[PDB]
Amino acid sequence: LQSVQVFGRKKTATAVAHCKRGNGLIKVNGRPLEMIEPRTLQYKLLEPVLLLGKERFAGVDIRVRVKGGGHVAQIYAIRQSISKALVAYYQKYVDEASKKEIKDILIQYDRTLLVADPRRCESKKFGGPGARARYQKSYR
Amino acid sequence: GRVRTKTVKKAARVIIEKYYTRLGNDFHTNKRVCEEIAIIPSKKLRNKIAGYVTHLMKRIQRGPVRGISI
Amino acid sequence: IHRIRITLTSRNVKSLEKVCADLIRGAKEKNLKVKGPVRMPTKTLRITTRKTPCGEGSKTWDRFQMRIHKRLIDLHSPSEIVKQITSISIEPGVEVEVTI
Amino acid sequence: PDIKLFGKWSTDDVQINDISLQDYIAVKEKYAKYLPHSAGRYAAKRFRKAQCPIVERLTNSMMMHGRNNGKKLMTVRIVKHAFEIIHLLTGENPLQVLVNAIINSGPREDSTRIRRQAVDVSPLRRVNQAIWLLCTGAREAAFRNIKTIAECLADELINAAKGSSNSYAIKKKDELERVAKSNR
Amino acid sequence: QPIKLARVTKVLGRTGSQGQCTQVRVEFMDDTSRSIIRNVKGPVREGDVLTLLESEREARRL
Amino acid sequence: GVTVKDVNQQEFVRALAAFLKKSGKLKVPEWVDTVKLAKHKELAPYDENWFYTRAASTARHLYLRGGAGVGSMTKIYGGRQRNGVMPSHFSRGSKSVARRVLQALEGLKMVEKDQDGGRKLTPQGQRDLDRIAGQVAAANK
Amino acid sequence: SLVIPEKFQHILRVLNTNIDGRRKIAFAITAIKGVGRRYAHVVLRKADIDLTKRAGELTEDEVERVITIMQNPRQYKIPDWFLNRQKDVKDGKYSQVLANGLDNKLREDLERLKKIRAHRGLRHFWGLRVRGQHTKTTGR
Amino acid sequence: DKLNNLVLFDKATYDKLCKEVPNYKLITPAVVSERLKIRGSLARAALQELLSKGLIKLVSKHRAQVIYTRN
Amino acid sequence: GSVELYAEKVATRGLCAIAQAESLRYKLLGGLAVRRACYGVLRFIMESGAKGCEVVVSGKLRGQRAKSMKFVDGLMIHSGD
RNA sequence: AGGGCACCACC
RNA sequence: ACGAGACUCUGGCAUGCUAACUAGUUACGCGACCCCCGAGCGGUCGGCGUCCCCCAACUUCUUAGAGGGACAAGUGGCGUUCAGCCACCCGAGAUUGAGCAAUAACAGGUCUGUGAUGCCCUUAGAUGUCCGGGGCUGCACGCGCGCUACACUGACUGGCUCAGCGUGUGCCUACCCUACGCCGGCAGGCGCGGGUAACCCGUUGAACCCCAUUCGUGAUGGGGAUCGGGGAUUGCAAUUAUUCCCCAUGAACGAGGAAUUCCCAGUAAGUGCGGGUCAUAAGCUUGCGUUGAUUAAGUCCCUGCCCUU
Ligand SMILES: [K+]
Ligand SMILES: [K+]
Ligand SMILES: [K+]
Ligand SMILES: [K+]
Ligand SMILES: [K+]
Ligand SMILES: [K+]
Ligand SMILES: [Mg+2]
Ligand SMILES: [Mg+2]
Ligand SMILES: [Mg+2]
Ligand SMILES: [Mg+2]
Ligand SMILES: [Mg+2]
Ligand SMILES: [Mg+2]
Ligand SMILES: [Mg+2]
Ligand SMILES: [Mg+2]
Ligand SMILES: [Mg+2]
Ligand SMILES: [Mg+2]
Ligand SMILES: [Mg+2]
Ligand SMILES: [Mg+2]
Ligand SMILES: [Mg+2]
């Protein structure tokens with residue numbers, strides 16, 4: 001029984017990928033990875049598989065459960081969780097060399113595939129509609 | 001800016017003048033020594049003092065320093 | 001015996017944690033199966049109000065808040081033993097509710 | 001595994017003729033991405049936007065005016081359809097057409113108005129202003145017209161790449177450089 | 001006059017009424033000599049290549 | 001093997017609506033040609049057979065998430081209400097429409113009342129939806 | 001199908017109103033006062049007219065049927081709550097007033113309110129707002 | 001001046017459509033409307049008819065933009 | 001019978017701001033001079049072991065026009081937690 | 001006369 | 001020595017610690033459905049159950065305590081080689097956002113917050129107090145904060161699919177949040193339950209967005225003012241329309257002169273959701289998330305403030 005559970009975050013969206021020894025299945029909330037909406041950003045989800053090849057994923061089944069945030073943030077959380085889950089599975093049940101090479105590929109393409117973006121919404125302050133904008137000022 | 005105030009600078013100078021033999025060029029060891037030998041109320045202040053201690057130790061190894069009399 | 005649930009509530013985290021630790025230490029000394037302190041989400045009551053008593057000046061606001069912290073402890077013990085354990089000195093500001 | 005934009009357009013054959021702009025038009029190699037949507041922090045530091053892929057910079061500049069603020073999925077779809085239309089109309093690589101349009105639209109000399117004095121234009125500002133002019137021309141052509149925004153953007157890019165005077169960006173660049181020459 | 005290409009070798013400093021321009025020193029790419037001083041609008045850094053439409057003028061401190 | 005979650009949901013809804021209309025045992029209210037589906041709508045639905053589409057959508061939602069009542073359905077089909085010169089707000093769907101759809105689905109025996117309240121799919125309804133999903137997958141392939 | 005028929009009518013006259021034949025039928029009969037989009041759509045649904053055809057494409061029989069249903073909604077199961085003249089204050093009858101009928105109804109209502117010297121009638125007579133709006137700053 | 005487009009084809013416009021349109025490199029409802037002085041709905045219906053008859057080829061379909069091309 | 005009240009003495013009367021404010025208030029009600037009363041309270045506070053103290057008396061001290069007199073001693077902080 | 005600072009200044 | 005800084009709260013990191021049936025995961029058992037084929041250690045399940053007579057392990061996800069972690073610490077360059085600055089590596093992070101905030105002042109605002117208060121006024125035909133009705137909203141006009149728009153980067157009609165902050169039955173005190181079932185086209189009505197709350201609303205099926213549809217440059221299916229008729233709800237009472245719903249009516253407005261505001265990163269802007277007010281209740285405000293940029297890393301030109309001579 002070889003499995004890992006690795007999360008990825010984007011804003012308030014959090015996706016946990018369970019990656020176990022398998023035949024190459026990838027699901028998000030029980031749906032095929034190609035069925036996740038919006039499909040404008042389908043390549044964002046497919047990027048880990050396109051970069052690493054289907055051969056790396058051929059030996060694992062990955063099921064992703066995602067919640068919170070919005071549509072785009074969930075897309076980014078899913079892709080980050082898939083990449084981090086594959087890296088963790090490789091570093092735990094395969095050699096360190098394979099983990100290093102796949103991690104290098106992912107990092108070279110995009111660092112957010114492995115490292116979470118820490119940006120969060122800034123608090124509103126009184127005297128304006130938002131964090132920085134102020135209400136219009138009149139003089140006469 | 002990263003200008004350290006007189007609190008940090010004076011604490012670092014006194015620490016170096018009193019415990020020069022236990023200090024070195026390693027920030028983390030200096031931080032442990034500072035927390036062992038001084039009561040510094042906050043972790044951030046401890047880190048700033050240890051960093052300036054490390055900087056001054058490098059300067060002292062490179063040559064004499066006016067502020068510190070060892 | 002009976003299953004005892006102790007609910008502790010406070011506005012002071014440090015005193016709340018001290019009381020919880022003392023209760024768990026007492027339960028351990030009495031050799032009781034005690035579920036550790038379950039920490040409920042902290043409640044933040046907020047009141048935002050204008051600073052000025054009149055209506056003049058820059059519209060500045062005070063953001064007052066109160067934080068309520070809640071803990072749960074589960075015990076399998078007789079009621080008398082539970083009361084004896086809860087009879088220890090309780091720090092001020094901590095409200096304890098015992099249910100069987 | 002070669003990376004093609006939208007899965008259709010390759011970057012290997014794209015050539016940047018102007019050597020001054022070669023360091024400020026990120027289009028190939030490490031800058032080849034499947035989509036013009038990276039959610040990167042390119043505005044964190046100065047000059048870092050030079051690393052932002054040029055297609056994504058165009059997509060960002062299409063999010064105007066206010067009513068379209070933040071609708072990056074819509075602008076990505078607009079850019080995709082515009083590239084499809086460009087390929088149908090010209091037979092060329094839409095990335096090559098975009099690069100040529102930016103090169104031809106960037107003004108090389110401007111006036112600073114300190115009476116005005118002529119000054120040179122840095123390559124980064126050249127790229128910035130080229131993108132701004134192209135998007136502005138497309139938007140103004142598409143406003144209050146049955147022609148769609150994707151078709152207007154494709155026409156603007158094609159005309160700018162050819163250097164034609166039918167391009168809003170080309171006309172604005174010519175006016176700016178003429179005024180700079182007058183104030184020289 | 002033919003269009004010339006120059007390479008920024010040193011950023012001298014800000015100039016203009018509102019400080020919008022940057023005065024830099026450029027060395028010509030055609031001839032390594034003949035470095036001159038130019039005023040540039042926009043963010044510029046060392047190693048950038050400028051397209052001089054008129055390579056005869058000098059910045060003259062704007 | 002094909003289940004609902006394996007197929008495109010819009011295509012599945014269209015196929016299931018066509019199946020319900022072809023079966024023709026679904027009870028349709030007399031006022032389907034007069035009403036609009038919510039107070040935040042401006043016009044009645046463009047599709048004359050909107051009732052079958054709504055029933056298919058409701059059955060799919062019950063498949064994905066059982067125990068939903070009329071209130072949950074009105075939340076599902078709610079949308080943005082524009083208020084003239086005033087700001088827009090969320091608004092719920094028509095309770096009568098949701099209730100009639102649920103009752104018609106119960107009449108088809110694809111839907112039964114849940115023990116804890118609300119409605120859920122019967123095994124027959126689950127089987128029908130999975131068969132429709134298989135047909136959709138076969139058509140796509 | 002897409003070629004214009006020989007019987008296509010450029011302009012129709014229905015209830016002393018010029019209906020443009022180029023518009024789709026539903027939005028073409030809205031040119032009649034008293035017929036809005038909702039009422040037009042429900043009338044055409046009751047008349048079994050395809051909504052996809054233009055106003056000029058309708059036959060004389062179809063136009064006559066549409067006019068009959070429009071002028072007698074109650075006979076065709078058009079519900080009372082759909083009507084713009086419900087429970088008339090004088091007759092108590094439910095109807096859909098159209099065009100000159102609608103204008104006459106409005107004039108009669110205003111005349112009645114002014115005759116009894118009700119406050120709303122006086123506001124109408126003076127030309128001010130009648131639904132309680134502030135008049136200090138707007139309506140100039 | 002206001003442009004008066006046609007809601008339905010006349011003989012000349014229909015012939016011009018069926019003759020010239022299947023030869024354009026780019027075929028969109030907007031460009032067809034501009035060239036033949038027809039409305040967008042008529043252009044969409046005509047392009048759908050041409051696609052059904054096989055005179056043109058579909059490049060991309062989207063709710064906001066549909067792109068056809070010659071065979 | 002459920003509620004019981006007890007009385008206790010303040011440990012360091014000189015360090016209680018409320019106690020000192022009441023003492024100053026009753027000295028002023030007793031007709032004592034403002035400067036004398038304020039300086040007496042200040043000296044008592046400082047002798048009680050305080051790092052510092054500040055006493056501000058505001059109002060119509062002398063005549064119709066109002067003003068404030070501030071008496072400070074030792075160290076005093078104003079900002080931060 | 002010279003020198004600083006600020007999107008409640010400008011660029 | 002005060003102020004600055006330090007400080008407190010907040011944001012980001014921890015597969016390390018503590019430990020959870022008012023949080024879950026994984027595993028297993030049962031059940032439902034799909035695939036005869038390739039029927040399996042298959043796929044989907046917010047279907048049920050597994051310390052709770054007895055029946056399973058754990059804490060990644062959630063919650064919240066302790067501790068750790070970042071120091072211009074490392075490398076290169078500049079610098080008097082000081083203080084420090086620039087760039088880069090590693091790194092979750094190399095400037096998160098707030099709160100607090102000196103001396104000395106202003107005849108700045110508030111006696112309409114106060115059983116804070118001096119003096120003056122009034123005090124039974126009252127300036128006390130209650131009750132009834134009206135007004136505070138009144139409309140040739142001028143000004144300020146705003147909301148909705150002028151459309152196709154759109155409107156409409158379907159379909160699909162994602163949050164976070166937080167509130168909830170009350171001394172007086174009447175007034176809570178609501179699931180589910182039925183009736184009604186809608187606003188709503190009736191019944192029957194849960195919740196004093198990580199327990200119920202609630203997996204808070206939010207909007208924008210996404211996918212299709214119709215419209216086709218026309219003051220047009222843009223816009224939704226004004227106005228007629230009818231139906232509900234709160235209330236003792238709705239007229240000078242409380243609010244809400246339905247049909248109908250369909251104004252200006254085609255991007256705005258002089259002038260002028262706010263703002264640099266999860267920011268501006270778009271978008272909706274909570275709290276306050278609240279019997280009835282948001283075009284305001286105070287918070288929250290969601291989508292998410294262009295431009296700049298400068299200057300004293302304008303507007304100011306400060307310093308030196
Ligand atoms: K357009
Ligand atoms: K007062
Ligand atoms: K008074
Ligand atoms: K008073
Ligand atoms: K008042
Ligand atoms: K008050
Ligand atoms: Mg905002
Ligand atoms: Mg909705
Ligand atoms: Mg009409
Ligand atoms: Mg201090
Ligand atoms: Mg401070
Ligand atoms: Mg100003
Ligand atoms: Mg400006
Ligand atoms: Mg954890
Ligand atoms: Mg005054
Ligand atoms: Mg008033
Ligand atoms: Mg409209
Ligand atoms: Mg109109
Ligand atoms: Mg108010």
Side-chain angles (χ1 to χ4, degrees), chain A residues 5 7 12 14 16 30 37-38 68-72 74 118-124 126 131-134 136-138, chain B residues 2-3 5 7 27 45 47-48 50-51 54, chain C residues 17 35-36 38-41 48 53-54 56-57, chain D residues 43 46 60-61 63 66 68-70 72-74 78 144-146 149, chain E residues 14 17-20, chain F residues 1-3 5 9-10 13 31 34-35 39 43 45-47 53 57 65 69 71 75-76 80 84-87 90 96 117-118 123 126-127 130 134, chain G residues 27 34 36 39 81-87 106 109 119 131-132 134-136, chain H residues 2 39-41 63, chain I residues 75 78-81:
Chain A
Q5 293 188 74
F7 64 85
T12 57
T14 301
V16 184
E37 298 291 343
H71 303 296
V72 185
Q74 283 193 351
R119 292 179 294 173
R120 296 290 189 272
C121 281
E122 187 179 330
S123 295
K124 176 193 179 300
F126 59 80
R132 300 296 178 86
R134 306 288 81 189
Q136 181 160 311
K137 184 175 181 172
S138 58
Chain B
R2 300 289 189 101
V3 188
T5 58
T7 303
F27 159 78
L45 184 61
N47 288 340
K48 289 184 179 294
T54 299
Chain C
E17 294 294 331
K35 277 195 170 187
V38 183
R39 296 181 173 83
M40 299 284 96
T48 299
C54 58
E56 182 274 330
Chain D
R46 198 195 190 199
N60 287 341
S61 291
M63 286 191 295
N68 306 312
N69 281 159
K72 195 167 180 178
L73 297 190
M74 178 168 66
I78 291 171
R144 275 175 66 95
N145 184 15
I146 190 173
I149 180 62
Chain E
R14 291 313 193 106
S17 52
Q18 293 96 4
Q20 66 279 30
Chain F
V2 180
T3 52
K5 279 193 171 183
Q9 295 305 282
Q10 297 195 340
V13 167
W31 40 254
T34 307
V35 309
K39 66 169 182 294
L43 303 176
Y46 290 164
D47 190 5
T53 303
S57 173
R65 188 170 162 165
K75 183 186 295 186
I76 286 175
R80 181 169 64 117
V85 296
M86 296 193 63
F90 179 70
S96 285
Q126 185 177 3
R127 168 184 65 183
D130 280 349
Chain G
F27 302 88
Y39 190 75
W81 56 267
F82 225 98
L83 305 181
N84 69 341
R85 192 74 180 186
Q86 301 176 40
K87 197 205 291 188
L106 180 58
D109 295 355
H119 181 247
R131 300 196 175 188
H134 297 7
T135 61
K136 181 174 184 178
Chain H
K2 298 169 51 175
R39 291 190 179 181
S41 45
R63 65 167 192 83
Chain I
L75 175 66
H78 298 84
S79 63
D81 181 65

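Chain A is the first sequence line, chain B the second, and so forth, proteins listed ahead of strands; every chain is numbered from 1.
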Separation of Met63(D) atom CE from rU267(K) atom P, in whole Å? 14 Å
Could you let me know what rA265(K) is paired to, Watson-Crick or G-U wobble, both distances under 3.5 Å, or none if it's on its own? none
Within the structure shown, what part of the strands sits under 4.0 Å from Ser41(H) by heavy-atom distance: base, sugar-phosphate, or nothing? base
Pairing partner of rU243(K) (Watson-Crick or G-U wobble, both distances under 3.5 Å): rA232(K)
For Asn69(D) and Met63(D), the nearest pair of non-hydrogen atoms, with its separation, is ND2-O, 2.9 Å
Consecutive-base stack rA281(K) to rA282(K) per 5.5 Å / 30° rule: no
Between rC262(K) and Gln136(A), is there an OP1 or OP2 to side-chain N/O distance shorter than 4.0 Å? no
Would you call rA101(K) syn or anti, using the 90° rule around 0? anti
Describe the nucleic acid contact of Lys124(A) in one word from base, sugar-phosphate, nothing, applying a heavy-atom distance below 4.0 Å. base
Starting at the 5' end of RNA chain K and moving along, which residue's nearest nucleotide shows up first, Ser57(F) or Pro87(F)? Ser57(F)
What pucker do you get for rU286(K) when you go by the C1'-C2'-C3'-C4' torsion? north
Do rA27(K) and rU50(K) form a Watson-Crick or G-U wobble pair, with both donor-acceptor distances under 3.5 Å? yes
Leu106(G) side chain: which of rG109(K), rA20(K), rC227(K) is closest? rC227(K)
Has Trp81(G) got its ring stacked on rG231(K), by the test of a centre gap below 5.5 Å and a plane angle below 30°? no
Is it the case that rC61(K) stacks on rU62(K) (six-membered ring centres closer than 5.5 Å, ring planes within an angle under 30°)? no
Should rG287(K) and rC192(K) count as paired, given that a pair must be Watson-Crick or G-U wobble and both distances must be under 3.5 Å? no
Please name the nucleotide paired to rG47(K) by Watson-Crick or G-U wobble geometry with both distances under 3.5 Å, or report none. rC30(K)
So which nucleotide from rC152(K), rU294(K), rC160(K) ends up closest to the side chain of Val13(F)? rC160(K)
Pairing check on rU290(K): which nucleotide meets the Watson-Crick or G-U wobble criteria with it, both distances under 3.5 Å? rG270(K)
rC41(K): by the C1'-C2'-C3'-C4' sign convention (positive north, negative south), the sugar is south
Tell me if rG194(K) and its neighbour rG193(K) stack, counting it only when ring centres are under 5.5 Å and the plane angle is under 30°. yes
Base-contact (B) and sugar-phosphate-only (S) positions in nucleotides 2-17 of chain K, heavy-atom cut-off under 4.0 Å, - elsewhere: SSBBBBSSSSSSSB--
Tell which nucleotide pairs with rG170(K), taking only Watson-Crick or G-U wobble pairs whose two distances are both under 3.5 angstrom. none
Tell me what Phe27(G) touches on the nucleic acid: a base, only sugar-phosphate, or nothing, going by heavy atoms under 4.0 Å. base
With nearest nucleotides of RNA chain K determined for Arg134(A) and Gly1(F) from heavy-atom distances, which residue corresponds to the more 5′ nucleotide? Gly1(F)
How does protein contact run along nucleotides 200-210 of chain K, one letter per nucleotide 5' to 3', with B for base contact, S for sugar-phosphate only, - for none, heavy atoms under 4.0 Å? --SB-BSSBBS
In Watson-Crick or G-U wobble terms, both distances under 3.5 Å, what is the partner of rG276(K)? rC284(K)
Nucleotide nearest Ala133(A) when distance is taken to its side chain, options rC262(K), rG185(K), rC215(K): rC262(K)
To the side chain of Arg85(G), which of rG228(K), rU217(K), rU214(K) is closest? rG228(K)
Measure CD/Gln18(E) against P/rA9(J) and give the value in whole Å, please. 16 Å
Which part of the nucleic acid, if any, lies within reach of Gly68(A) when heavy atoms closer than 4.0 Å are counted: base, sugar-phosphate only, or nothing? sugar-phosphate
Among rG283(K), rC150(K), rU290(K), which nucleotide has an atom closest to any side-chain atom of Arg144(D)? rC150(K)
Where the side chain of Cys54(C) is defined as all heavy atoms beyond and including C-beta, which of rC21(K), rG109(K), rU267(K) is the nearest nucleotide? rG109(K)
Take the six-membered rings of bases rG91(K) and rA92(K), measure centre-to-centre distance and interplanar angle, and say whether these fall under 5.5 Å and 30° respectively. no
Between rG11(K) and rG97(K), how far apart are the two P atoms, rounded to whole Å? 15 Å
Structure string for RNA chain J in dot-bracket form, Watson-Crick and G-U at under 3.5 Å, | interchain: ||||||..||.
With the side chain of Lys137(A) defined as its heavy atoms from C-beta on, choose the nearest nucleotide among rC21(K), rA32(K), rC262(K). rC262(K)
Taking a pair to mean Watson-Crick or G-U wobble geometry with both distances below 3.5 Å, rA66(K) pairs with none
Check for me whether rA116(K) and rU117(K) meet both conditions: six-membered ring centres under 5.5 Å apart and planes under 30°. yes
With syn defined as a glycosidic torsion within 90 degrees of 0 and anti otherwise, which applies to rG189(K)? anti
Mind checking who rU127(K) pairs with, Watson-Crick or G-U wobble, both distances under 3.5 Å? none
Could you check which of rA72(K), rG185(K), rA268(K) has an atom nearest any side-chain atom of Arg2(B)? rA72(K)
Is there, by distance only and without an angle test, a donor paired with an acceptor across the side chain of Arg131(G) and the base of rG228(K) below 3.5 Å? yes
Checking only heavy atoms, does the side chain of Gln9(F) share a donor-acceptor pair with the base of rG159(K) at less than 3.5 Å? no
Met40(C) CE - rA19(K) P separation (whole Å): 16 Å
Counting heavy atoms from C-beta on, name the nucleotide in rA64(K), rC152(K), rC141(K) closest to the side chain of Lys136(G). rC141(K)
The side chain of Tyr46(F) lies closest to which of these nucleotides: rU214(K), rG74(K), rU290(K)? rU214(K)
Reckon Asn47(B) touches a base, only the sugar-phosphate, or nothing at all at heavy-atom distances under 4.0 Å? sugar-phosphate
Does the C1'-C2'-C3'-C4' torsion put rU226(K) in the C3'-endo-side north group or the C2'-endo-side south group? north
Classify the nucleic acid contact of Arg127(F) as base, sugar-phosphate or nothing, counting any heavy atom under 4.0 Å across all strands shown. sugar-phosphate
Check whether any side-chain N or O of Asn60(D) sits under 4.0 Å from OP1 or OP2 of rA293(K), and answer yes or no. yes
